[PDB]
Amino acid sequence: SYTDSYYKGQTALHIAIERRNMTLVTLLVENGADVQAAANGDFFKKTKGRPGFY
Amino acid sequence: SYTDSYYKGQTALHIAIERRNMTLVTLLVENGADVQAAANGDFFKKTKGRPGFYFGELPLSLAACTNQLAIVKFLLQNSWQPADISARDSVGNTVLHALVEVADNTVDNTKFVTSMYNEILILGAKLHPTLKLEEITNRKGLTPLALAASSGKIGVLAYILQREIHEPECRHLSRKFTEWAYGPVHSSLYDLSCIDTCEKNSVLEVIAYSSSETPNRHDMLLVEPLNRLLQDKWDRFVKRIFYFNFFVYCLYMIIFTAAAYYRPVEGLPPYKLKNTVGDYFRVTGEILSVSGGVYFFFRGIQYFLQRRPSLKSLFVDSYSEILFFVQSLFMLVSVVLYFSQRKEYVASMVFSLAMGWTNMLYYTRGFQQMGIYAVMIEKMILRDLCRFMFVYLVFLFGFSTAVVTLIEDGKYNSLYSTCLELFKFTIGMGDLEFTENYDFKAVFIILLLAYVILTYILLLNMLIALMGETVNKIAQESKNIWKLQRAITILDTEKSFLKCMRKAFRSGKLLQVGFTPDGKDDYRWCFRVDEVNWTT
Ligand SMILES: C=C(C)[C@]12C[C@@H](C)[C@@]34O[C@](Cc5ccccc5)(O[C@@H]1[C@@H]3C=C(COC(=O)Cc1ccc(O)c(OC)c1)C[C@]1(O)C(=O)C(C)=C[C@@H]41)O2
Ligand SMILES: CNC[C@@H](O)[C@H](O)[C@H](O)[C@@H](O)CO
């Protein structure tokens, strides 16, 4: 996963879901992905004085 | 060709291109026609006091202006006589300058001008990979970007500043580069070249120091790279410098106020100092006040020399500089009278002190809430009272001289007192004491009544309606005028800065492409922006 201050916790499952890749999501879940991981980087948290996607 | 003063230089090739006759153009070029002929008649030049069609004087620019890409490709690429893509007209405009010139911020104009500009750039890159057309300046020293900024061509700026080419072998022409995109959010880099640092004439200077005739002076600053740059520059260092200057000005005015208040009351300046604390602090305040006046004086002269404003827009713009300059002039005249042994220096000093406080309203500019009041006062003084002065003076002079003619040796029998009293009637501060013993009293009453009806009721409320229109017309325009004041403030603060340090870059000296047409790699000081868009 990413280990920076902005994208912390993001893994391949989040990327596949964002990309609208059903096949990749099905494979990743089939290959043992964690469906409960917390992507809690500053880019993904609620904030006022910064852009992001919460 | 035509040899008159009006169609000078018109030849068959221009007629063929204008008529959209590809066949005749191909034949003419095949028959050895000159593709660099200059059509430089008065009809064909930029002009104000005559209709015309300025296109850049050349067949290539004529084809570009008329939205015929086939002719452009033919003229540039045909082997009988290839056109010079970097040719410059008598104004120094290239085809890109011509394309920028003929924009008008309409939808179709924006579309085809943007398209032709893009295709001309691609053709230039393929044909002449070492040629950079956008760096060419016309006779005025303007690049096409500077020209578009000067003329207020919103569509061309909205194209150029955020231009991205999704094609290999020409990506070095792009100015917007995208780093990533997530669901609603995406991060890109903007080239920033000749926005902040240009050495000749940057976009921000051109927008800020425009003559106020530009139709879209305010909306140009809404284009995203400029808006982010101004916000970044504001938050980074300019805000603190502005607050510091405001505070120092407040201290200056307080010292000047205290120094003026405790002036001596004896006759014949200059006044001898006594060995007492009061005189020392007093003369200290005097020295600081005269120092500040001299400072503002030289700043005003530097402003006027650097801008060289014309008379017609001397007061339409540059209002605040004029008022600060006038304050300093009053201070200097006060100094001159002080050392010339005249008491009347007090009069000059007093006026300066008055202006010294009211010019504090300049520092409301740049606050989103309080900035609007200074602008409202400026517009009202420049537009409404200026025009209405003549109408009111006509009424004042007519009724004053009528009344002065009527009265024989009363209190009204003098222009000074009568004019003063009629002005008091205009604002509702009269006396109306008809307890006198002069003849023609009825005529006097009829005159005063007619004046009061005409000035107190009719004219004053007309003035108030017009000021109400001006006040309510720009109340909603505050969001833009704030940004413009912010821009000019930032540019002035960066320009002077009084420390010789110009560390005003924004982001890293980053590399974008790395693959120029030659083996070099171009580092261009690009600036990062993240933007959010909730579409779909
Ligand atoms: C040179 C000009 C243009 C000017 C100088 C003086 C005489 C002025 O009156 C005027 C004419 C005038 C006089 C009286 C009433 C209305 C207008 O307008 C200004 C000038 C106008 C004002 C009133 O303007 C203001 O609200 C201050 C101000 C507003 C907006 C600003 O951006 C600003 O920046 C410095 C200052 C202040 C005076 O200088 C002042 O203090 C005195 C004693 C007269 C005002 O002449
Ligand atoms: C001298 N003439 C002015 C007064 O008539 C004045 O209009 C009224 O008294 C009122 O506004 C305050 O007393």
# chains A, B, ... in the order shown; residues from 1 in each chain; ligands from 1

$ residues_near_ligand --ligand "ligand 2" --cutoff "9 Å" --atoms "only C-alpha atoms and all ligand atoms" --output "list in words"
residues 428, 429, 430, 431, 432 and 433 of chain B

$ residues_near_ligand --ligand "ligand 1" --cutoff "12 Å" --atoms "only C-alpha atoms and all ligand atoms" --output "PDB file with C-alpha atoms, in the first residue's frame"
ATOM      1  CA  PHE B 296       5.142  59.523  -0.736  1.00  0.00           C
ATOM      2  CA  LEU B 314      -5.468  59.742 -15.550  1.00  0.00           C
ATOM      3  CA  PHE B 315      -8.258  59.830 -12.950  1.00  0.00           C
ATOM      4  CA  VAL B 316     -10.292  56.869 -14.211  1.00  0.00           C
ATOM      5  CA  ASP B 317      -7.374  54.758 -13.014  1.00  0.00           C
ATOM      6  CA  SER B 318      -4.589  55.779 -10.622  1.00  0.00           C
ATOM      7  CA  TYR B 319      -7.050  57.401  -8.204  1.00  0.00           C
ATOM      8  CA  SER B 320      -5.261  56.320  -5.049  1.00  0.00           C
ATOM      9  CA  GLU B 321      -1.815  57.284  -6.308  1.00  0.00           C
ATOM     10  CA  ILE B 322      -3.097  60.741  -7.183  1.00  0.00           C
ATOM     11  CA  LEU B 323      -4.537  61.246  -3.719  1.00  0.00           C
ATOM     12  CA  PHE B 324      -1.352  60.108  -1.974  1.00  0.00           C
ATOM     13  CA  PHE B 325       0.651  62.382  -4.252  1.00  0.00           C
ATOM     14  CA  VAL B 326      -1.610  65.335  -3.470  1.00  0.00           C
ATOM     15  CA  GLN B 327      -1.208  64.679   0.257  1.00  0.00           C
ATOM     16  CA  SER B 328       2.550  64.801  -0.121  1.00  0.00           C
ATOM     17  CA  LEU B 329       2.326  68.012  -2.140  1.00  0.00           C
ATOM     18  CA  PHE B 330       0.370  69.657   0.659  1.00  0.00           C
ATOM     19  CA  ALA B 347      -3.522  75.841   6.472  1.00  0.00           C
ATOM     20  CA  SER B 348      -1.560  73.540   4.191  1.00  0.00           C
ATOM     21  CA  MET B 349      -0.676  71.235   7.074  1.00  0.00           C
ATOM     22  CA  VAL B 350      -4.301  70.942   8.108  1.00  0.00           C
ATOM     23  CA  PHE B 351      -5.463  69.824   4.680  1.00  0.00           C
ATOM     24  CA  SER B 352      -2.753  67.194   4.494  1.00  0.00           C
ATOM     25  CA  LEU B 353      -3.757  65.806   7.873  1.00  0.00           C
ATOM     26  CA  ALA B 354      -7.347  65.533   6.679  1.00  0.00           C
ATOM     27  CA  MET B 355      -6.301  63.656   3.562  1.00  0.00           C
ATOM     28  CA  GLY B 356      -3.850  61.696   5.660  1.00  0.00           C
ATOM     29  CA  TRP B 357      -6.748  60.088   7.474  1.00  0.00           C
ATOM     30  CA  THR B 358      -9.157  59.618   4.585  1.00  0.00           C
ATOM     31  CA  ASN B 359      -6.516  57.936   2.432  1.00  0.00           C
ATOM     32  CA  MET B 360      -6.545  55.212   5.099  1.00  0.00           C
ATOM     33  CA  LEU B 361      -9.551  53.919   3.135  1.00  0.00           C
ATOM     34  CA  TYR B 362      -7.072  52.748   0.486  1.00  0.00           C
ATOM     35  CA  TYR B 363      -6.190  49.952   2.878  1.00  0.00           C
ATOM     36  CA  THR B 364      -9.753  48.660   2.826  1.00  0.00           C
ATOM     37  CA  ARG B 365      -9.016  47.574  -0.738  1.00  0.00           C
ATOM     38  CA  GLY B 366      -8.309  43.855  -0.851  1.00  0.00           C
ATOM     39  CA  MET B 370     -14.627  46.370   3.403  1.00  0.00           C
ATOM     40  CA  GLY B 371     -13.096  46.907  -0.033  1.00  0.00           C
ATOM     41  CA  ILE B 372     -16.417  47.797  -1.634  1.00  0.00           C
ATOM     42  CA  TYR B 373     -16.793  51.100   0.197  1.00  0.00           C
ATOM     43  CA  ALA B 374     -13.648  52.709  -1.198  1.00  0.00           C
ATOM     44  CA  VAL B 375     -14.671  51.712  -4.718  1.00  0.00           C
ATOM     45  CA  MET B 376     -18.173  53.094  -4.223  1.00  0.00           C
ATOM     46  CA  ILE B 377     -16.773  56.428  -3.044  1.00  0.00           C
ATOM     47  CA  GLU B 378     -14.305  56.600  -5.936  1.00  0.00           C
ATOM     48  CA  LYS B 379     -16.937  55.873  -8.576  1.00  0.00           C
ATOM     49  CA  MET B 380     -19.421  58.297  -7.031  1.00  0.00           C
ATOM     50  CA  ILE B 381     -16.921  61.143  -6.840  1.00  0.00           C
ATOM     51  CA  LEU B 382     -15.553  60.538 -10.339  1.00  0.00           C
ATOM     52  CA  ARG B 383     -18.801  59.820 -12.218  1.00  0.00           C
ATOM     53  CA  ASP B 384     -21.834  61.373 -10.566  1.00  0.00           C
ATOM     54  CA  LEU B 385     -20.729  64.484  -8.688  1.00  0.00           C
ATOM     55  CA  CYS B 386     -18.418  65.440 -11.568  1.00  0.00           C
ATOM     56  CA  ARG B 387     -21.210  65.529 -14.134  1.00  0.00           C
ATOM     57  CA  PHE B 388     -23.855  66.917 -11.789  1.00  0.00           C
ATOM     58  CA  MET B 389     -21.573  69.812 -10.760  1.00  0.00           C
ATOM     59  CA  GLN B 485      -7.317  44.839  -6.056  1.00  0.00           C
TER      60      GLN B 485
END

$ select_by_dssp --residues "range 238-420 of chain B" --states "alpha helix (DSSP H)" --output "NGL selection string"
:B and (239-261 or 277-307 or 319-339 or 345-358 or 371-379 or 386-406 or 415-420)

$ residues_around --residues "residue 53 in chain A" --least-positions-apart "3" --cutoff "10 Å" --atoms "only C-alpha atoms" --output "list in words"
residues 42, 43, 44, 45, 46 and 47 of chain A; 182, 183, 184, 185, 186 and 532 of chain B

$ write_last_selection --atoms "N, CA and C atoms" --output "mmCIF file, in the first residue's frame"
data_model
loop_
_atom_site.group_PDB
_atom_site.id
_atom_site.type_symbol
_atom_site.label_atom_id
_atom_site.label_comp_id
_atom_site.auth_asym_id
_atom_site.auth_seq_id
_atom_site.Cartn_x
_atom_site.Cartn_y
_atom_site.Cartn_z
ATOM 1 N N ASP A 42 -4.415 11.757 4.178
ATOM 2 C CA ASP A 42 -4.940 13.119 4.188
ATOM 3 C C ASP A 42 -5.720 13.438 2.921
ATOM 4 N N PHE A 43 -5.383 12.792 1.808
ATOM 5 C CA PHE A 43 -6.161 12.983 0.593
ATOM 6 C C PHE A 43 -7.570 12.418 0.729
ATOM 7 N N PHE A 44 -7.752 11.393 1.567
ATOM 8 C CA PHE A 44 -9.009 10.662 1.682
ATOM 9 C C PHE A 44 -9.807 11.009 2.934
ATOM 10 N N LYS A 45 -9.361 11.975 3.738
ATOM 11 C CA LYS A 45 -10.045 12.376 4.960
ATOM 12 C C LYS A 45 -10.838 13.654 4.733
ATOM 13 N N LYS A 46 -11.868 13.838 5.557
ATOM 14 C CA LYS A 46 -12.665 15.053 5.485
ATOM 15 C C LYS A 46 -11.814 16.247 5.891
ATOM 16 N N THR A 47 -11.908 17.320 5.115
ATOM 17 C CA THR A 47 -11.100 18.502 5.368
ATOM 18 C C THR A 47 -11.749 19.690 4.672
ATOM 19 N N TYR B 182 -8.044 11.183 -9.764
ATOM 20 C CA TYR B 182 -8.878 10.324 -8.943
ATOM 21 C C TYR B 182 -10.328 10.656 -9.289
ATOM 22 N N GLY B 183 -11.272 10.126 -8.504
ATOM 23 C CA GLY B 183 -12.687 10.194 -8.819
ATOM 24 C C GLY B 183 -13.228 11.576 -9.138
ATOM 25 N N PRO B 184 -13.258 12.472 -8.146
ATOM 26 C CA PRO B 184 -13.584 13.878 -8.406
ATOM 27 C C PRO B 184 -12.382 14.802 -8.482
ATOM 28 N N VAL B 185 -11.207 14.358 -8.032
ATOM 29 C CA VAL B 185 -10.044 15.211 -7.811
ATOM 30 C C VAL B 185 -8.959 14.805 -8.793
ATOM 31 N N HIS B 186 -8.215 15.791 -9.291
ATOM 32 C CA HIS B 186 -7.087 15.519 -10.169
ATOM 33 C C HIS B 186 -6.032 16.596 -9.997
ATOM 34 N N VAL B 532 -11.085 19.919 -8.197
ATOM 35 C CA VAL B 532 -12.200 19.040 -7.871
ATOM 36 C C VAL B 532 -13.334 19.340 -8.838
#

$ closest_atom_pairs --of "chain A" --to "chain B" --cutoff "10 Å" --atoms "only C-alpha atoms" --output "JSON lines"
{"residue": "A:15", "atom": "CA", "partner": "B:182", "partner_atom": "CA", "distance": 9.0}
{"residue": "A:18", "atom": "CA", "partner": "B:183", "partner_atom": "CA", "distance": 6.5}
{"residue": "A:19", "atom": "CA", "partner": "B:183", "partner_atom": "CA", "distance": 8.3}
{"residue": "A:43", "atom": "CA", "partner": "B:185", "partner_atom": "CA", "distance": 9.5}
{"residue": "A:50", "atom": "CA", "partner": "B:530", "partner_atom": "CA", "distance": 9.0}
{"residue": "A:51", "atom": "CA", "partner": "B:530", "partner_atom": "CA", "distance": 6.8}
{"residue": "A:52", "atom": "CA", "partner": "B:185", "partner_atom": "CA", "distance": 6.4}
{"residue": "A:53", "atom": "CA", "partner": "B:185", "partner_atom": "CA", "distance": 6.6}
{"residue": "A:54", "atom": "CA", "partner": "B:184", "partner_atom": "CA", "distance": 10.0}

$ residues_around --residues "range 26-30 of chain A" --least-positions-apart "6" --cutoff "10 Å" --atoms "only C-alpha atoms" --output "PyMOL selection string"
chain A and resi 12-13+16

$ write_last_selection --atoms "N, CA, C and O atoms" --output "PDB file, in the first residue's frame"
ATOM      1  N   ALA A  12      -4.744  -1.979  -3.934  1.00  0.00           N
ATOM      2  CA  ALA A  12      -5.188  -2.226  -5.302  1.00  0.00           C
ATOM      3  C   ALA A  12      -6.703  -2.317  -5.408  1.00  0.00           C
ATOM      4  O   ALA A  12      -7.273  -1.984  -6.454  1.00  0.00           O
ATOM      5  N   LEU A  13      -7.366  -2.774  -4.346  1.00  0.00           N
ATOM      6  CA  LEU A  13      -8.816  -2.903  -4.376  1.00  0.00           C
ATOM      7  C   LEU A  13      -9.487  -1.544  -4.548  1.00  0.00           C
ATOM      8  O   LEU A  13     -10.424  -1.402  -5.345  1.00  0.00           O
ATOM      9  N   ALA A  16      -9.027  -0.411  -8.163  1.00  0.00           N
ATOM     10  CA  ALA A  16      -9.904  -1.129  -9.079  1.00  0.00           C
ATOM     11  C   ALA A  16     -11.335  -0.630  -8.976  1.00  0.00           C
ATOM     12  O   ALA A  16     -12.017  -0.469  -9.996  1.00  0.00           O
TER      13      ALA A  16
END

$ closest_residue --among "B:438, B:112, B:44, B:280" --to "residue 68 in chain B" --atoms "only C-alpha atoms"
B:112

$ select_by_dssp --residues "range 56-260 of chain B" --states "strand (DSSP E or B)" --output "NGL selection string"
:B and (176-181 or 185-190)

$ write_last_selection --atoms "N, CA, C and O atoms" --output "short mmCIF file (atom, residue, chain, number, x, y, z; two decimals), in the first residue's frame"
data_model
loop_
_atom_site.label_atom_id
_atom_site.label_comp_id
_atom_site.auth_asym_id
_atom_site.auth_seq_id
_atom_site.Cartn_x
_atom_site.Cartn_y
_atom_site.Cartn_z
N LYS B 176 -0.12 22.66 -19.95
CA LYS B 176 -0.73 21.89 -18.88
C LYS B 176 -0.29 20.45 -18.99
O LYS B 176 -0.34 19.86 -20.07
N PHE B 177 0.14 19.88 -17.87
CA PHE B 177 0.55 18.49 -17.78
C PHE B 177 -0.15 17.88 -16.58
O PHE B 177 -0.13 18.45 -15.49
N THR B 178 -0.76 16.71 -16.78
CA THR B 178 -1.56 16.07 -15.75
C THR B 178 -0.72 15.02 -15.03
O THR B 178 -0.11 14.17 -15.68
N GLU B 179 -0.70 15.09 -13.70
CA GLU B 179 0.05 14.15 -12.88
C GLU B 179 -0.80 12.98 -12.44
O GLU B 179 -0.34 11.83 -12.47
N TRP B 180 -2.04 13.22 -12.00
CA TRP B 180 -2.93 12.11 -11.72
C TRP B 180 -4.37 12.59 -11.76
O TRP B 180 -4.65 13.79 -11.74
N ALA B 181 -5.28 11.63 -11.79
CA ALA B 181 -6.70 11.88 -11.63
C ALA B 181 -7.30 10.78 -10.78
O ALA B 181 -7.09 9.59 -11.04
N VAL B 185 -11.21 14.36 -8.03
CA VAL B 185 -10.04 15.21 -7.81
C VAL B 185 -8.96 14.81 -8.79
O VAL B 185 -8.81 13.62 -9.11
N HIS B 186 -8.22 15.79 -9.29
CA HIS B 186 -7.09 15.52 -10.17
C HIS B 186 -6.03 16.60 -10.00
O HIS B 186 -6.34 17.77 -9.79
N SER B 187 -4.78 16.19 -10.15
CA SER B 187 -3.61 17.04 -9.94
C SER B 187 -2.86 17.18 -11.24
O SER B 187 -2.55 16.17 -11.89
N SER B 188 -2.55 18.42 -11.60
CA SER B 188 -1.85 18.76 -12.82
C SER B 188 -0.80 19.80 -12.51
O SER B 188 -0.78 20.40 -11.44
N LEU B 189 0.11 19.98 -13.46
CA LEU B 189 1.13 21.02 -13.42
C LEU B 189 0.92 21.98 -14.58
O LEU B 189 0.63 21.56 -15.70
N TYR B 190 1.08 23.27 -14.29
CA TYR B 190 0.96 24.33 -15.27
C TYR B 190 2.32 24.97 -15.49
O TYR B 190 3.11 25.10 -14.55
#

$ atom_distance --atom1 "CA of residue 513 in chain B" --atom2 "CA of residue 170 in chain B"
9.9 Å

$ residues_around --residues "range 8-18 of chain B" --least-positions-apart "6" --cutoff "7 Å" --atoms "only C-alpha atoms" --output "number ranges by chain"
B: 1-2, 24-25, 28, 38-41, 59, 63

$ residues_around --residues "range 34-41 of chain A" --least-positions-apart "5" --cutoff "7 Å" --atoms "only C-alpha atoms" --output "PyMOL selection string"
chain A and resi 5-10

$ atom_distance --atom1 "CA of residue 310 in chain B" --atom2 "CA of residue 140 in chain B"
17.4 Å

$ residues_around --residues "residue 120 in chain B" --least-positions-apart "6" --cutoff "9 Å" --atoms "only C-alpha atoms" --output "list in words"
residues 64, 69, 72, 73, 85, 95 and 96 of chain B

$ atom_distance --atom1 "CA of residue 407 in chain B" --atom2 "CA of residue 392 in chain B"
22.6 Å
